[PDB]
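A structural walkthrough
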Amino acid sequence: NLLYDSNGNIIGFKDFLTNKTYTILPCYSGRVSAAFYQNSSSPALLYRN
Amino acid sequence: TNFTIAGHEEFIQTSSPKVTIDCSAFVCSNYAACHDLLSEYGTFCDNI
Ligand SMILES: *[C@@H]1O[C@H](CO)[C@@H](O)[C@H](O)[C@H]1NC(C)=O
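Structure determination for the deposited model, as stated in its record, used cryo-EM, and the stated resolution is 2.95 Å.

As annotated in the PDB entry, chain B carries the name Spike glycoprotein and comes from Human coronavirus HKU1.

Going by the annotation in the PDB entry, the name recorded for chain A is Spike glycoprotein, with Human coronavirus HKU1 given as the source organism.

Laid out in structure tokens, this is it:
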């Protein structure tokens, strides 16, 4: 019923009512780089990639 | 008595990839109790 990898995570499954397959992928997570000046009121934002 | 010109190549490493690591996304990505517990064991994240 379930699909696993070498690390034990779940990367897929199969529905019981409809008998169809799916894939599981992790969602986005990251930081943001801010360039700030000495006496500035708001820094500049850069979302890399 | 007779000569020629020979060529060779040489490589020297001068740089390396710049790796950046943070505490949140590595230890306490999406957990609040994890953050509350990490805020008591000393940061060490400023040092890293
Ligand atoms: C030296 O070698 C080159 C290339 O093989 C040739 O053209 C030339 O005549 C040679 N010189 C002598 C003095 O043998």
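We are not done yet, so read on.
Once that is clear, we can look at the overall build of chain B. Helices and strands together make up the secondary structure of chain B, namely two helices and zero strands. Each principal axis of the C-alpha distribution contributes one length, and for chain B these read about 80 × 20 × 10 Å. Looking at chain B as a whole, 2% of its 48 residues are labelled buried. Total accessible area on chain B stands at roughly 5200 Å², and carbon and sulfur atoms take up 57% of it.

All names here are of chain A. The three strands are arranged β1-β2-β3 in an open sheet whose pairing can be described as antiparallel. Both edges of this open sheet fall to β1 (2–4) and β3 (21–23), since each of them pairs with a single strand only. Between one strand axis and the next, the sheet turns through 20° on average, direction left out of account. As paired elements, strand β2 (residues 10–14) and β3 share three bridges and run antiparallel to each other. Across the sheet, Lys-14 pairs through a bridge with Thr-21, a residue of β3.

The way to describe two aromatic rings as a pair is by their centre distance and the angle between their planes. Residues and elements named next belong to chain A. Tallied over the full model, the rule gives one aromatic pair over all chains. On the numbers, 5.6 Å between centres and 15° between planes, the contact of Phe-13 with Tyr-22 is stacked. Judged by relative accessible area, which is 33%, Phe-13 ranks as partly exposed. Taking the relative accessible area as the measure of exposure, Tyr-22 reaches 45% and is therefore partly exposed.

Residue and element names in this part refer to chain A. Bridge count for β1 against β2 is three bridges, and the pairing is antiparallel. Residue pairing across strands places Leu-3 opposite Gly-12, the latter belonging to β2. Linking β1 back to β2 in an antiparallel pair, the connection comprises five residues, with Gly-8 at a positive phi of about 90°. Where β2 hands over to β3, the hairpin turn is made up of six residues, of which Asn-19 adopts a positive phi near 55°.

Further remarks concern the layout of surface pockets. Over the atoms a probe the size of a water molecule is rolled, and this reveals where empty space is left. In this model, the largest pocket occupies a volume close to 250 Å³. As for the largest pocket, its lining consists of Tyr-28, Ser-29, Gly-30, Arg-31, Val-32, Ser-33, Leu-46, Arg-48 and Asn-49 of chain A together with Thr-20, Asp-22 and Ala-25 of chain B. Residue composition of the lining of the largest pocket, grouped by class: four nonpolar, five polar and three charged.

Rules of the game
- Residues numbered from 1 in each chain as written, not as in the entry; some residues may be left out.
- Chains lettered and ligands numbered in written order.
- Part of a larger assembly, values for the part shown.
- Heavy atoms only, no water.
- Helix = DSSP H or I, 4+ residues; strand = E, 2+ residues; numbered from the N terminus.
- Buried < 20%, exposed > 50% of the residue type's maximum accessible area, 1.4 Å probe, protein only.
- Areas by Shrake-Rupley, 256 points an atom, 1.4 Å probe, with all protein chains shown as cover.
- Pairing = 2+ DSSP bridges.
- Axes fitted to C-alpha atoms, helices over the stretch in contact; angles between N-to-C directions.
- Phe/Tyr/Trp six-rings, centres within 6.5 Å; stacked < 30°, edge-to-face > 60°.
- 1 Å grid on protein atoms, 1.4 Å probe; cavity = no way out; pocket = protein on both sides within 12 Å on 5 of 7 lines; lining within 4 Å.
- Points joined across faces, edges and corners; volume = space filled by probe spheres on them.
- Nonpolar A, V, L, I, M, F, W, Y, C, P; charged D, E, K, R; others polar.

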